[PDB]
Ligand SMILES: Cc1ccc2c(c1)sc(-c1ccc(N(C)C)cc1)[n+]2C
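Okay, so here's just one chain, in C-alpha coordinates, the form solved without the ligand.
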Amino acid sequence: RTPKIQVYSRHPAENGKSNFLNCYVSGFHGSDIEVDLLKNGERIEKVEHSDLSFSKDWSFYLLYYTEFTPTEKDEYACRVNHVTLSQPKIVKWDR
(Lines give C-alpha, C1' and ligand atoms only; values in the text may rest on other atoms or scores of the structure.)
Protein backbone atom coordinates (compact mmCIF):
# COMPACT_ATOMS: atom_id res chain seq x y z
CA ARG A 1 0.00 0.00 0.00
CA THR A 2 2.39 2.83 1.23
CA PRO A 3 6.13 2.94 0.27
CA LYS A 4 8.81 0.74 1.89
CA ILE A 5 11.83 2.66 2.94
CA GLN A 6 15.27 1.42 3.89
CA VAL A 7 18.14 3.68 4.87
CA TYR A 8 21.68 2.33 5.01
CA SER A 9 25.30 3.06 4.14
CA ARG A 10 27.35 1.35 1.42
CA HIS A 11 29.89 0.31 4.11
CA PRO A 12 30.22 -0.40 7.82
CA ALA A 13 30.54 3.27 8.71
CA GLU A 14 33.86 4.56 10.06
CA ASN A 15 34.42 8.27 10.86
CA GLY A 16 36.62 10.43 8.63
CA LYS A 17 36.48 8.07 5.65
CA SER A 18 34.32 8.20 2.57
CA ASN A 19 31.21 6.05 2.35
CA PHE A 20 27.79 6.44 0.72
CA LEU A 21 24.38 6.98 2.20
CA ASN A 22 21.52 5.16 0.56
CA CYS A 23 17.80 5.54 0.56
CA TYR A 24 15.94 2.71 -1.11
CA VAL A 25 12.22 3.36 -1.69
CA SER A 26 9.73 1.00 -3.18
CA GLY A 27 5.97 0.92 -3.87
CA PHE A 28 3.30 1.87 -6.39
CA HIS A 29 2.44 5.04 -8.35
CA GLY A 30 5.56 7.10 -8.20
CA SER A 31 5.17 9.89 -10.75
CA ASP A 32 4.44 12.33 -7.87
CA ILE A 33 6.96 11.09 -5.30
CA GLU A 34 9.49 13.28 -3.59
CA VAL A 35 12.53 11.83 -1.75
CA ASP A 36 15.17 13.86 0.18
CA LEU A 37 18.30 12.93 2.03
CA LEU A 38 18.82 14.81 5.21
CA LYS A 39 21.88 15.76 7.26
CA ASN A 40 21.01 17.15 10.68
CA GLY A 41 17.46 17.51 9.41
CA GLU A 42 18.31 19.72 6.45
CA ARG A 43 18.29 18.66 2.81
CA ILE A 44 21.56 17.53 1.22
CA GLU A 45 22.12 19.61 -2.01
CA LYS A 46 23.83 17.29 -4.47
CA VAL A 47 22.12 13.87 -4.41
CA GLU A 48 21.70 11.30 -7.09
CA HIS A 49 19.20 8.60 -7.80
CA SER A 50 18.38 5.73 -10.01
CA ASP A 51 14.79 4.74 -10.78
CA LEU A 52 13.25 1.55 -11.97
CA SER A 53 9.60 1.35 -12.83
CA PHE A 54 7.07 -1.09 -14.37
CA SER A 55 3.73 -0.19 -15.92
CA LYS A 56 2.01 -3.55 -15.49
CA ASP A 57 1.35 -2.96 -11.78
CA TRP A 58 2.80 0.55 -11.43
CA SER A 59 5.66 -0.64 -9.25
CA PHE A 60 8.75 1.47 -8.66
CA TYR A 61 12.17 1.04 -7.06
CA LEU A 62 14.15 4.20 -6.25
CA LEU A 63 17.59 4.55 -4.83
CA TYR A 64 18.80 7.95 -3.60
CA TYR A 65 22.38 8.20 -2.67
CA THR A 66 25.17 10.58 -1.64
CA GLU A 67 28.90 10.36 -0.94
CA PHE A 68 29.35 11.41 2.68
CA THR A 69 31.90 11.43 5.47
CA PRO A 70 30.13 10.42 8.73
CA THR A 71 31.20 11.69 12.09
CA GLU A 72 30.70 10.73 15.72
CA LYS A 73 27.75 13.08 16.04
CA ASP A 74 26.17 14.05 12.60
CA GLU A 75 22.69 12.52 12.19
CA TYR A 76 21.32 11.48 8.79
CA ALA A 77 17.78 10.55 7.52
CA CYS A 78 15.45 9.98 4.58
CA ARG A 79 12.24 11.89 3.85
CA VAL A 80 9.54 10.71 1.51
CA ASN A 81 6.35 12.32 0.36
CA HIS A 82 3.69 10.37 -1.41
CA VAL A 83 -0.03 10.68 -2.12
CA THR A 84 -0.81 7.65 0.10
CA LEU A 85 0.84 9.60 2.95
CA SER A 86 -1.12 12.36 4.69
CA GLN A 87 2.18 13.54 6.14
CA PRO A 88 5.77 12.78 5.00
CA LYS A 89 7.54 9.73 6.34
CA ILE A 90 10.93 10.06 7.93
CA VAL A 91 13.40 7.22 8.36
CA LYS A 92 16.46 7.82 10.47
CA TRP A 93 19.77 6.21 9.63
CA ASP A 94 21.06 3.98 12.35
CA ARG A 95 24.27 1.84 11.80
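Residue positions are given as counts along the sequence shown, with the first one as 1.
Another form, the form deposited with the ligand bound, is not on view; read the next lines as being about it.
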Exercise. Counting only non-hydrogen atoms and a 4.5 angstroms cut-off, does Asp36 reach the ligand in the bound PDB entry?
Worked result: no
For this session: Answer yes if any heavy atom of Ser50 is within 4.5 Å of a heavy atom of the ligand in the bound PDB entry; otherwise answer no.
Result: yes
For this session: Report yes if any heavy atom of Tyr61 sits within 4.5 Å of a heavy atom of the ligand in the bound PDB entry; otherwise report no.
Result: yes
